[PDB]
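Commentary on secondary and tertiary structure
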Amino acid sequence: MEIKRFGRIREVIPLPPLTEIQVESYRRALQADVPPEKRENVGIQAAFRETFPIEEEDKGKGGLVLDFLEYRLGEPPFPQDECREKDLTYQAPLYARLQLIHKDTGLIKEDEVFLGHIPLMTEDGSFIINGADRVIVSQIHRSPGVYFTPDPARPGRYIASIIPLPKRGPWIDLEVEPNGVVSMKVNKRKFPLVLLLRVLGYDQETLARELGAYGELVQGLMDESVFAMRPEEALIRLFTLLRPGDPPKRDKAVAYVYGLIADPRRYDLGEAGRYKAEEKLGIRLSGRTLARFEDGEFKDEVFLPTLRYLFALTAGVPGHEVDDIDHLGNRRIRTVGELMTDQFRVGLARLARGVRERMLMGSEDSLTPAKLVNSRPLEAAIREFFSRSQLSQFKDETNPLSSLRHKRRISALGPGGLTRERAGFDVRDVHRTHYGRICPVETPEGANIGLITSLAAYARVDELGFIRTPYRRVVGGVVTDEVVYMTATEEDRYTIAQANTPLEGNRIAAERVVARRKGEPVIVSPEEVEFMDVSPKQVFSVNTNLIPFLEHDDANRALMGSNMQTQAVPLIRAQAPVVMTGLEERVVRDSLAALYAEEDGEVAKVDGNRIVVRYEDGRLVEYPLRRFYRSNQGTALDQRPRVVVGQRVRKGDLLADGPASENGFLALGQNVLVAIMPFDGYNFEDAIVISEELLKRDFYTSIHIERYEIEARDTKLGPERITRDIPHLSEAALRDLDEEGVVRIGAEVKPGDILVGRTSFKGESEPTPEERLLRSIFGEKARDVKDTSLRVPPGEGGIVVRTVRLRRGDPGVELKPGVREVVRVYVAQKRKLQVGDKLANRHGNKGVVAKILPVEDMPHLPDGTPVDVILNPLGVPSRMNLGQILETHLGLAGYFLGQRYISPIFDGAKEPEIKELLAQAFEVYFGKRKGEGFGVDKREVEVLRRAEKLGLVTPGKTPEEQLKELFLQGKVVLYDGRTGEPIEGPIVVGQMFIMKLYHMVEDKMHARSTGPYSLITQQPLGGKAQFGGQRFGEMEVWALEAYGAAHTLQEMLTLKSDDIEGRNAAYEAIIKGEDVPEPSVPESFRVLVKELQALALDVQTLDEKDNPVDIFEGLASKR
């Protein structure tokens, strides 16, 4: 087979390493691979430094100084696989050097204290917290700066806002209401903007004249002169304004807090906050945030500029000072590292909290080790973040691509500080700056839309979480191959042009060529084009970049297409699309599906379980292949070797293919020939008809594994024994229970077979008088033990492929309390395509199989080749994705031309080029037909007649010539198959890639007869093996209400869910073929009345004549 790729826009730079966000974040987070000597000191080392110098001076005796030297973590407790076999949390051990000083001669240095076991990252980017691989999703919020937003209700003038994160740390606002007041608010209640400047040292004259001479608003500043005539007294007076009833005297204590250390922030001195400054407003910062404690007299290079800009912003054009919040230079992305470093420092504080208490508890000087450090906080802290954080989740590895996405996705919801559930519509929309920074398609359909979203192609978090997008420079009418990763803010100052602009190399080619200033489409000239877009791909996400002709498909349904892939299940037979975009390779490669060759060499052994290659360097390494592994969602992950024995390998070539790769290419689902017409009703709204022939060949077939587990609990009644002994009825059910107790590997287990046996005790505390007689009658000596054995839950099971048993003398495992022993059973099963299943192309056509037809009668082509799947046309107009119809056409050519192609995102294949390949195909299709010996059918000519009366073929040309025309159009004649007659009018057909979608646990059709019931509420509940009832909601009640369905509704409210006495007599009644009984009072009612009685109120039902009647049958009358 050969590959021909259509579009030409010189792809100047390769796509970046896809999991860079996740990997580098945790890299800078924990700078452990490099010595404490190395300069990157953010994250762990930073959070450490931040809370390590614990100064505790006086209240009794102090002068405490605990100091940090170097952080070092290095020997992992256990290894990855062992952490998954055994329930383990893969975490690296960390103990840094600590030395506590004294006011008396001596400084004891107690070297190490291992507190906090912190998880590590897999080379792919995912974690291993407990058994299941987990992922930390990125987040979004208001970057810690200062902005000016229009006032709430009064149309008048806008107010200033100073945003300082951590939460603890003031939040200021400047608002002027001129009849006599100005408002500056920290926690809440306002005070003068000048009383503060005065404190710092700014006097009425110097302030007013230099800052607001051009700003008449200065007059509100010099207004309350009585107070402005006393400097340092203004410090005490403001202290007074705050309100507790505090000591007037506190030299420079509170001023410190809004000064140097805590509340303002330790975010890197230089670019963290000072970026938002110099460009937006004010020029300098002396000390990270407004900070100083050298002379007692504070310096504030930030407090005046904010007002300065307020007087500026309100008076004209110093610049145009209006901040669009949603500008990405305002919204920052929290990479993994930050998310962990934060919980790491929260823990450090918790640690430092308790240590302070022990600086007073330890008797004399030997207090370095145990007296100061206790590992309880850091453990619970960090542990809580990797196992309980809302942000870290189950790795979604239905198929590699999926997991990869789930690793890079960015969420809103989180810490609570950033953006909760309330504010949405302004955030949820795709802001202008989302260009190359975030896909506009990739987000989730559903209430949680736009909030959660994976990033774009070239998108990269630079120094601080600002998705910069690449844009190449174009000096004059010359375009460069140089690129600038620009901040959201800066992007607006320039005139940017799109990549579609006719390019000769460095020369732009058309006078009137498009560009877009700031979120505004603008036809600019080649001489104004300052910067140009990097690529069509950078605009969207990876997950989206994989769609063939995205260009022709409505963004709305292309979403479906991008989310559909995430739901692709690995088929044992994986095929790449007949038409691909260009990233399938990079996807599998950057994801860690296939196994690539490190350096060049030859192959030694090619097992089904290992490929030991021999590099030319004189070395050889054994490469194990995850034979059959259980993915979190139960999809097979097998690495099938593609290299033969003794083969010279190129550096970086596929040795084995991943779960879903054909040949180093991403492959989900399979390319299938498809006719696109209506069948009876089998494809009516969105139903798919499939040719049995697709099952004959193991085409849509996937392997699944579920992991049934049971424990031997310790009851005070007697241990639950796990033995082959199943107390009451047969050995036939014991067969596969070969091993005493456990089931035999490779055994076919159907629903209702014992996967594992176990025996608990019969009653709660006492035996049974009635059951005493029965046992005695046929065999008194009866094992009183109960059959509590793990069984095959309704639904299905396959063949047991692996089992695990953890008994008494535990190796290095964590058995929970009460838990005597555990028994895991991995079962696998082959899933052949069936009518309940749902398949869907990458464009969005989603649908379920409604009928598997016999190859016998489905639409067949002139040469006996039949179609596999028949898609309904009606699903194409409403939705707007012609891309699928464009795929099928190129596919048709690929079929007869025996070749696959690569049609890039927007630069790809063009309508004439395709017609050109179809032209080539007609000769393979019909050329052979000529030579093979025959011409045209009565049928073939017949459809032609109707085709010309239609207008598809130029009247008067020869059928041979006409069919070519008709073929070029992408459609060919098809015969019925059932009748053998033709289908009046040419129908299109061709190679369309189609994937099969994963079946959720819900998919397991739940049917429930009778079963459990909740303890407090008496309504049907399921769980393990009894399915649990369906909800009958209000919207449904009314549906019945509307109908004269009186009884049917009572039933739903009595006999079916709550009537305790009702349901019982109900069943029984049915059992004897008696018409169900007439409902007794529902427990809902009774529970109510009593709840109501629980409160003073008395609810008594009444009779015809206002007299009692009784709901509580006989249990309320007394004694």
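To start, this report covers the structure provided alongside it. (Residues numbered from 1 in each chain as written, not as in the entry; some residues may be left out. Part of a larger assembly, values for the part shown. Heavy atoms only, no water.)

**Some points on the pattern of salt bridges**
The condition that has to hold: The term salt bridge refers to a side-chain nitrogen of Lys or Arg lying within 4 Å of a carboxyl oxygen of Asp or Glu.
Taken as a whole and assessed by the stated rule, the structure comprises 64 salt bridges. A network of salt bridges, in which partner residues are shared, links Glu-50, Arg-332, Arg-334, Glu-338, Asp-342 and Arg-345.

**Observations regarding the nonpolar core**
To keep it simple, the criterion reads: Here, nonpolar core means buried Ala, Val, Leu, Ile, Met, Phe, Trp, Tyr and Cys residues that are tied together by side-chain atoms lying within 4.5 Å of each other. In this scheme, a residue with accessible area under 20% of its type's maximum is buried, one over 50% is exposed, and one in between is partly exposed, where area comes from a 1.4 Å probe on protein chains only. Per the convention used, a helix needs a DSSP run of H or I reaching at least four residues, while a strand needs a run of E reaching at least two, with both numbered from the N terminus. Note on definitions: a residue-residue contact is assigned when non-hydrogen atoms from the two residues lie within 4.5 Å.
By size, the foremost hydrophobic cluster in this structure holds 48 residues, and its most contacted members are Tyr-26, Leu-66, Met-340, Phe-344 and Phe-386. Elements that contribute at least two residues to this core include exactly α1 (20-29), α2 (43-51), β3 (64-68), β5 (98-100), β7 (127-130), α12 (336-361) and α13 (376-387). Take this core: its biggest share by element is nine residues, from α12. Discounting residues that sit within four places of it in the chain, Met-340 has contacts with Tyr-26, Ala-29, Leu-30, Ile-44, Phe-385 and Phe-386. Counting residues in each nonpolar core, the second largest holds 42 residues, with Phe-549, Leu-892, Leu-897 and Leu-918 among its members.

**Quick word on the packing of helix α22 (residues 883-897) against helix α23 (residues 911-931)**
We apply this condition: The axes used here are C-alpha line fits, helices contributing only the stretch in contact, and every angle between their N-to-C directions lies in the interval 0 to 180 degrees. Here a crossing is taken to be left-handed if its near helix is turned anticlockwise relative to the far helix by less than a right angle, and right-handed if that turn runs clockwise. Residues are grouped as follows: nonpolar covers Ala, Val, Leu, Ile, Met, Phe, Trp, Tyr, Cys and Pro; charged covers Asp, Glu, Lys and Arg; every other residue, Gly included, is treated as polar.
α23 packs onto α22 with a crossing angle of 35° between their chain directions and a minimal axis gap of 8 Å. Crossing geometry of α22 relative to α23 is assigned as left-handed. The residues of α23 that touch α22, namely those facing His-889, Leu-890, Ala-893, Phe-896 and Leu-897, are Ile-914, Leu-917, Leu-918, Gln-920, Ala-921, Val-924 and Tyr-925. The class makeup of the residues in the contact of α22 with α23 is 10 nonpolar, two polar and no charged.

**Side note on the sheet that holds strand β46 (residues 899-902)**
Note the cut-off: A pair of strands counts as paired when DSSP detects no fewer than two bridges linking them.
Spatially, three strands are ordered β1-β46-β25 in an open sheet, and the strand pairing comes out parallel. Since the sheet does not close on itself, it has two edges, and those belong to β1 (2-5) and β25 (579-580), each with one partner. With two bridges connecting them, β25 and β46 associate as parallel partners. Directly across from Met-580, in β46, lies its bridge partner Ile-902. Sitting on the sheet, α22 is in contact with β25 and β46, with an inclination near 145° to β46.

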